[PDB]
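Working notes, beginning with the structure itself.
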Amino acid sequence: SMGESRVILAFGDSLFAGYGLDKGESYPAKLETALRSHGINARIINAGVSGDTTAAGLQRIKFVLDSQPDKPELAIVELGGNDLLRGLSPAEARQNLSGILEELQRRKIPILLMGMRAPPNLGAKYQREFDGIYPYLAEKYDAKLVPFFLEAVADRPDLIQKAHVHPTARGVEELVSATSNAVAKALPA
């Protein structure tokens, strides 16, 4: 094909950085290769930072854009998972994401928003509030939306790394039952 590559900014967290994976296995790297089959030669800027909250992304969006030799032709924004993990305010996550999308819109950079979903352990009130920020933002900022970015691994624990183990309340009881004998024996009489 003719011409310079199309520049796409992948602005997100561990899901873009490729946490736990080898060189070239991250979502941005594999997406770059897959777009060839759509007639697109892309250069995807991997601006994934593991652990980034919506606030962290807001704090760096201008610097990341100002650091680019070539202005992005599309920005893919994938943030909010770490706010969820931390149980942070969904309202504040929506405010922080609004600031990121406002900067992209100021620069006339098209947006694709990757929708995040809350798991049930946060409870229905939190989960409904969190989940609704993404459609709200996509309509407000005239952004395209992938409603559930992780949908294709939702029912596939074989496609997810064994990483953090946070026992549930019942899991804690299981651990206590297995280890209390050891603790009692270690405590001097």
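We label chains A, B, ... in the order they appear in the structure tokens, count residues from 1 in each chain, and number ligands from 1 in the order shown.
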
Checklist entry - Leaving out residue A:60 and any residue of its chain fewer than 4 positions from it, which residues lie within 12 Å of it when counting only C-alpha atoms, given as a PyMOL selection string? => result chain A and resi 11-12+47-49+52-56+64-67+96+99-100+103

So that I have them on file, write out the residues from the current selection with N, CA, C and O atoms, as a PDB file, in the first residue's frame.
```pdb
ATOM      1  N   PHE A  11      -5.063   5.128  24.717  1.00  0.00           N
ATOM      2  CA  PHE A  11      -4.901   5.856  25.985  1.00  0.00           C
ATOM      3  C   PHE A  11      -5.658   5.065  27.061  1.00  0.00           C
ATOM      4  O   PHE A  11      -6.892   5.087  27.085  1.00  0.00           O
ATOM      5  N   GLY A  12      -4.947   4.342  27.921  1.00  0.00           N
ATOM      6  CA  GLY A  12      -5.633   3.474  28.885  1.00  0.00           C
ATOM      7  C   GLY A  12      -4.711   2.992  29.985  1.00  0.00           C
ATOM      8  O   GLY A  12      -3.768   3.700  30.352  1.00  0.00           O
ATOM      9  N   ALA A  47      -0.195   4.175  24.876  1.00  0.00           N
ATOM     10  CA  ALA A  47      -0.189   5.095  26.023  1.00  0.00           C
ATOM     11  C   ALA A  47      -0.995   4.441  27.140  1.00  0.00           C
ATOM     12  O   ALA A  47      -1.640   5.149  27.923  1.00  0.00           O
ATOM     13  N   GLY A  48      -0.914   3.131  27.268  1.00  0.00           N
ATOM     14  CA  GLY A  48      -1.378   2.400  28.443  1.00  0.00           C
ATOM     15  C   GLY A  48      -0.417   2.534  29.612  1.00  0.00           C
ATOM     16  O   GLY A  48       0.817   2.389  29.417  1.00  0.00           O
ATOM     17  N   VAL A  49      -0.921   2.891  30.771  1.00  0.00           N
ATOM     18  CA  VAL A  49      -0.152   2.968  32.033  1.00  0.00           C
ATOM     19  C   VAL A  49      -0.843   2.088  33.059  1.00  0.00           C
ATOM     20  O   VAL A  49      -1.991   2.354  33.423  1.00  0.00           O
ATOM     21  N   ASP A  52      -3.402   3.213  36.089  1.00  0.00           N
ATOM     22  CA  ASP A  52      -3.925   4.573  35.923  1.00  0.00           C
ATOM     23  C   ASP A  52      -5.427   4.605  36.256  1.00  0.00           C
ATOM     24  O   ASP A  52      -6.221   3.885  35.685  1.00  0.00           O
ATOM     25  N   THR A  53      -5.772   5.518  37.143  1.00  0.00           N
ATOM     26  CA  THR A  53      -7.154   5.901  37.402  1.00  0.00           C
ATOM     27  C   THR A  53      -7.591   6.930  36.359  1.00  0.00           C
ATOM     28  O   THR A  53      -6.782   7.456  35.567  1.00  0.00           O
ATOM     29  N   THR A  54      -8.884   7.250  36.330  1.00  0.00           N
ATOM     30  CA  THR A  54      -9.361   8.345  35.498  1.00  0.00           C
ATOM     31  C   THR A  54      -8.639   9.645  35.844  1.00  0.00           C
ATOM     32  O   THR A  54      -8.350  10.465  34.943  1.00  0.00           O
ATOM     33  N   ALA A  55      -8.372   9.888  37.119  1.00  0.00           N
ATOM     34  CA  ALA A  55      -7.656  11.104  37.515  1.00  0.00           C
ATOM     35  C   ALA A  55      -6.234  11.090  36.967  1.00  0.00           C
ATOM     36  O   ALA A  55      -5.755  12.158  36.533  1.00  0.00           O
ATOM     37  N   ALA A  56      -5.582   9.936  37.032  1.00  0.00           N
ATOM     38  CA  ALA A  56      -4.231   9.862  36.485  1.00  0.00           C
ATOM     39  C   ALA A  56      -4.256  10.146  34.993  1.00  0.00           C
ATOM     40  O   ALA A  56      -3.375  10.852  34.462  1.00  0.00           O
ATOM     41  N   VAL A  64       0.694  13.750  27.072  1.00  0.00           N
ATOM     42  CA  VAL A  64       0.781  12.640  26.088  1.00  0.00           C
ATOM     43  C   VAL A  64       0.521  13.183  24.694  1.00  0.00           C
ATOM     44  O   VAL A  64       1.264  12.861  23.754  1.00  0.00           O
ATOM     45  N   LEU A  65      -0.455  14.033  24.548  1.00  0.00           N
ATOM     46  CA  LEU A  65      -0.764  14.601  23.213  1.00  0.00           C
ATOM     47  C   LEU A  65       0.367  15.534  22.742  1.00  0.00           C
ATOM     48  O   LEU A  65       0.757  15.459  21.588  1.00  0.00           O
ATOM     49  N   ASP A  66       0.918  16.345  23.633  1.00  0.00           N
ATOM     50  CA  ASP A  66       1.953  17.316  23.304  1.00  0.00           C
ATOM     51  C   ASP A  66       3.253  16.583  22.986  1.00  0.00           C
ATOM     52  O   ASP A  66       4.113  17.168  22.353  1.00  0.00           O
ATOM     53  N   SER A  67       3.414  15.348  23.443  1.00  0.00           N
ATOM     54  CA  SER A  67       4.622  14.544  23.221  1.00  0.00           C
ATOM     55  C   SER A  67       4.629  13.866  21.851  1.00  0.00           C
ATOM     56  O   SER A  67       5.675  13.286  21.497  1.00  0.00           O
ATOM     57  N   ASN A  96     -13.766  13.047  35.613  1.00  0.00           N
ATOM     58  CA  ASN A  96     -12.355  12.946  35.137  1.00  0.00           C
ATOM     59  C   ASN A  96     -12.338  12.537  33.672  1.00  0.00           C
ATOM     60  O   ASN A  96     -11.615  13.149  32.846  1.00  0.00           O
ATOM     61  N   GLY A  99     -13.104  15.401  31.405  1.00  0.00           N
ATOM     62  CA  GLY A  99     -11.970  16.290  31.157  1.00  0.00           C
ATOM     63  C   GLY A  99     -11.044  15.734  30.081  1.00  0.00           C
ATOM     64  O   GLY A  99     -10.489  16.488  29.281  1.00  0.00           O
ATOM     65  N   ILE A 100     -10.882  14.423  30.053  1.00  0.00           N
ATOM     66  CA  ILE A 100     -10.034  13.819  29.011  1.00  0.00           C
ATOM     67  C   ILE A 100     -10.706  14.002  27.660  1.00  0.00           C
ATOM     68  O   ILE A 100     -10.052  14.393  26.702  1.00  0.00           O
ATOM     69  N   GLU A 103     -10.498  17.569  26.247  1.00  0.00           N
ATOM     70  CA  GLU A 103      -9.203  17.928  25.663  1.00  0.00           C
ATOM     71  C   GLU A 103      -9.111  17.341  24.262  1.00  0.00           C
ATOM     72  O   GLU A 103      -8.622  17.998  23.350  1.00  0.00           O
TER      73      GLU A 103
END
```

Next on the checklist: Residues within 12 Å of stretch 156-173 of chain A, please, as a PyMOL selection string. Count only C-alpha atoms; anything in the same chain fewer than 2 positions from it doesn't count.
Outcome noted: chain A and resi 15+18-21+85+120-122+150-154+175-180

Item to check | Exercise: residue A:72 partners within 12 Å, only C-alpha atoms, chain neighbours under 3 positions left out, as an MDAnalysis selection string | outcome: chainID A and resid 5:11 42:47 64:69 75:76 104:105 107:111

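In this comparison, which uses only C-alpha atoms, the residue of A:145, A:84, A:187, A:29 approaching residue A:114 most closely is A:145.
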
Residue A:133 environment, 8 Å, only C-alpha atoms, sequence neighbours closer than 6 positions dropped, as an mmCIF file with N, CA and C atoms, in the first residue's frame:
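What follows is the written file part-v4.cif:
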```
data_model
loop_
_atom_site.group_PDB
_atom_site.id
_atom_site.type_symbol
_atom_site.label_atom_id
_atom_site.label_comp_id
_atom_site.auth_asym_id
_atom_site.auth_seq_id
_atom_site.Cartn_x
_atom_site.Cartn_y
_atom_site.Cartn_z
ATOM 1 N N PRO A 90 -18.169 6.860 41.262
ATOM 2 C CA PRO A 90 -18.458 6.862 39.839
ATOM 3 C C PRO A 90 -18.677 8.261 39.277
ATOM 4 N N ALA A 91 -19.229 9.164 40.080
ATOM 5 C CA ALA A 91 -19.442 10.547 39.635
ATOM 6 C C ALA A 91 -18.105 11.224 39.335
ATOM 7 N N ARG A 94 -16.677 9.904 36.126
ATOM 8 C CA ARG A 94 -17.341 10.540 34.988
ATOM 9 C C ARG A 94 -16.766 11.952 34.772
#
```

Item to check | Selection: 10 Å around residue A:137, only C-alpha atoms, excl. self and same-chain fewer than 4 positions, as an NGL selection string | outcome: :A and (94-95 or 97-98 or 101 or 113 or 115 or 132-133 or 141-145)

Output file for the residues above (C-alpha atoms, as a CSV table (one decimal), in the first residue's frame):
```
chain,number,residue,atom,x,y,z
A,94,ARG,CA,-17.3,10.5,35.0
A,95,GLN,CA,-16.0,14.1,35.7
A,97,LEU,CA,-13.2,11.2,31.9
A,98,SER,CA,-15.2,14.3,30.8
A,101,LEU,CA,-12.7,13.8,26.3
A,113,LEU,CA,-14.6,5.1,24.2
A,115,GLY,CA,-16.9,0.9,28.0
A,132,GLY,CA,-24.0,4.2,33.1
A,133,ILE,CA,-21.1,6.8,32.9
A,141,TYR,CA,-18.9,14.1,23.6
A,142,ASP,CA,-20.2,12.6,20.2
A,143,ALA,CA,-17.8,9.6,20.8
A,144,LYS,CA,-18.2,6.1,19.4
A,145,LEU,CA,-18.7,3.5,22.2
```

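Between residue A:149 and the candidates A:83, A:78, A:174, A:102, the tightest atom-to-atom separation, counting only C-alpha atoms, involves A:78.
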
Checklist entry - So which residues of stretch 97-154 of chain A fall under helix (DSSP H, G or I) by DSSP, listed as a ChimeraX atom specification? => result /A:97-106,120-122,124-140,151-153

Checklist entry - Within 12 Å of residue A:2, counting only C-alpha atoms, which residues qualify if same-chain residues fewer than 6 places away don't, as number ranges by chain? => result A: 39-41

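Residues of stretch 36-158 of chain A carrying a DSSP assignment of strand (DSSP E or B), computed from the backbone, are residues 42, 43, 44, 45, 46, 47, 48, 74, 75, 76, 77, 78, 111, 112, 113, 114, 144, 145 and 146 of chain A.
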
Using N, CA, C and O atoms, can you export the residues from the last selection as a PDB file, in the first residue's frame?
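Result file follows (selection_27.pdb):
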```pdb
ATOM      1  N   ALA A  42      -1.656   1.005  10.402  1.00  0.00           N
ATOM      2  CA  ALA A  42      -1.680   1.880  11.581  1.00  0.00           C
ATOM      3  C   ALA A  42      -0.344   1.828  12.297  1.00  0.00           C
ATOM      4  O   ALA A  42       0.334   0.791  12.295  1.00  0.00           O
ATOM      5  N   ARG A  43      -0.084   2.912  13.008  1.00  0.00           N
ATOM      6  CA  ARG A  43       0.942   2.973  14.055  1.00  0.00           C
ATOM      7  C   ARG A  43       0.124   3.317  15.299  1.00  0.00           C
ATOM      8  O   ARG A  43      -0.453   4.445  15.370  1.00  0.00           O
ATOM      9  N   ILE A  44       0.055   2.375  16.194  1.00  0.00           N
ATOM     10  CA  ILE A  44      -0.727   2.604  17.425  1.00  0.00           C
ATOM     11  C   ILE A  44       0.251   3.000  18.503  1.00  0.00           C
ATOM     12  O   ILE A  44       1.120   2.181  18.846  1.00  0.00           O
ATOM     13  N   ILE A  45       0.019   4.184  19.097  1.00  0.00           N
ATOM     14  CA  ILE A  45       0.810   4.690  20.220  1.00  0.00           C
ATOM     15  C   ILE A  45       0.257   3.965  21.452  1.00  0.00           C
ATOM     16  O   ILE A  45      -0.953   4.146  21.791  1.00  0.00           O
ATOM     17  N   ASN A  46       1.077   3.190  22.121  1.00  0.00           N
ATOM     18  CA  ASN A  46       0.631   2.506  23.337  1.00  0.00           C
ATOM     19  C   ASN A  46       0.880   3.510  24.466  1.00  0.00           C
ATOM     20  O   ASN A  46       1.992   3.614  25.027  1.00  0.00           O
ATOM     21  N   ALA A  47      -0.195   4.175  24.876  1.00  0.00           N
ATOM     22  CA  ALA A  47      -0.189   5.095  26.023  1.00  0.00           C
ATOM     23  C   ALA A  47      -0.995   4.441  27.140  1.00  0.00           C
ATOM     24  O   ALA A  47      -1.640   5.149  27.923  1.00  0.00           O
ATOM     25  N   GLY A  48      -0.914   3.131  27.268  1.00  0.00           N
ATOM     26  CA  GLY A  48      -1.378   2.400  28.443  1.00  0.00           C
ATOM     27  C   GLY A  48      -0.417   2.534  29.612  1.00  0.00           C
ATOM     28  O   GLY A  48       0.817   2.389  29.417  1.00  0.00           O
ATOM     29  N   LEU A  74      -7.156   9.171  15.655  1.00  0.00           N
ATOM     30  CA  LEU A  74      -8.229   8.580  16.457  1.00  0.00           C
ATOM     31  C   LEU A  74      -7.589   8.413  17.832  1.00  0.00           C
ATOM     32  O   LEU A  74      -6.404   8.009  17.906  1.00  0.00           O
ATOM     33  N   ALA A  75      -8.368   8.631  18.889  1.00  0.00           N
ATOM     34  CA  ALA A  75      -7.957   8.330  20.269  1.00  0.00           C
ATOM     35  C   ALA A  75      -8.936   7.311  20.813  1.00  0.00           C
ATOM     36  O   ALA A  75     -10.142   7.569  20.839  1.00  0.00           O
ATOM     37  N   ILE A  76      -8.367   6.215  21.301  1.00  0.00           N
ATOM     38  CA  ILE A  76      -9.138   5.152  21.993  1.00  0.00           C
ATOM     39  C   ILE A  76      -8.900   5.355  23.481  1.00  0.00           C
ATOM     40  O   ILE A  76      -7.734   5.318  23.928  1.00  0.00           O
ATOM     41  N   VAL A  77      -9.979   5.608  24.235  1.00  0.00           N
ATOM     42  CA  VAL A  77      -9.862   5.944  25.680  1.00  0.00           C
ATOM     43  C   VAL A  77     -10.448   4.780  26.483  1.00  0.00           C
ATOM     44  O   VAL A  77     -11.669   4.425  26.291  1.00  0.00           O
ATOM     45  N   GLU A  78      -9.604   4.203  27.315  1.00  0.00           N
ATOM     46  CA  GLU A  78      -9.922   2.987  28.092  1.00  0.00           C
ATOM     47  C   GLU A  78      -9.482   3.200  29.524  1.00  0.00           C
ATOM     48  O   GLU A  78      -8.382   2.827  29.918  1.00  0.00           O
ATOM     49  N   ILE A 111     -12.886  10.269  18.882  1.00  0.00           N
ATOM     50  CA  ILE A 111     -12.824   9.431  20.106  1.00  0.00           C
ATOM     51  C   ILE A 111     -13.576   8.122  19.901  1.00  0.00           C
ATOM     52  O   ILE A 111     -14.728   8.130  19.444  1.00  0.00           O
ATOM     53  N   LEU A 112     -12.948   7.055  20.306  1.00  0.00           N
ATOM     54  CA  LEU A 112     -13.609   5.777  20.585  1.00  0.00           C
ATOM     55  C   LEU A 112     -13.476   5.497  22.085  1.00  0.00           C
ATOM     56  O   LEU A 112     -12.333   5.387  22.577  1.00  0.00           O
ATOM     57  N   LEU A 113     -14.616   5.365  22.778  1.00  0.00           N
ATOM     58  CA  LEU A 113     -14.605   5.090  24.243  1.00  0.00           C
ATOM     59  C   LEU A 113     -14.814   3.598  24.465  1.00  0.00           C
ATOM     60  O   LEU A 113     -15.788   3.036  23.962  1.00  0.00           O
ATOM     61  N   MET A 114     -13.937   2.988  25.249  1.00  0.00           N
ATOM     62  CA  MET A 114     -14.071   1.578  25.639  1.00  0.00           C
ATOM     63  C   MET A 114     -14.841   1.510  26.952  1.00  0.00           C
ATOM     64  O   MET A 114     -14.363   1.960  27.995  1.00  0.00           O
ATOM     65  N   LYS A 144     -17.779   7.493  19.647  1.00  0.00           N
ATOM     66  CA  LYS A 144     -18.202   6.097  19.430  1.00  0.00           C
ATOM     67  C   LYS A 144     -17.916   5.316  20.717  1.00  0.00           C
ATOM     68  O   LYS A 144     -17.006   5.644  21.432  1.00  0.00           O
ATOM     69  N   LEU A 145     -18.717   4.314  20.962  1.00  0.00           N
ATOM     70  CA  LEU A 145     -18.681   3.509  22.189  1.00  0.00           C
ATOM     71  C   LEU A 145     -18.640   2.053  21.815  1.00  0.00           C
ATOM     72  O   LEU A 145     -19.510   1.544  21.080  1.00  0.00           O
ATOM     73  N   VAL A 146     -17.671   1.354  22.410  1.00  0.00           N
ATOM     74  CA  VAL A 146     -17.731  -0.114  22.559  1.00  0.00           C
ATOM     75  C   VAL A 146     -18.380  -0.362  23.906  1.00  0.00           C
ATOM     76  O   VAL A 146     -17.789  -0.033  24.924  1.00  0.00           O
TER      77      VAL A 146
END
```

Next on the checklist: Would you compute the distance between atom CA of residue A:116 and atom CA of residue A:58? Give it in Å to one decimal.
Outcome noted: 17.0 Å

Item to check | Within 10 Å of stretch 86-88 of chain A using only C-alpha atoms, minus same-chain residues under 5 positions, as a list in words | outcome: residues 53, 80, 81, 93, 118, 122, 126 and 130 of chain A
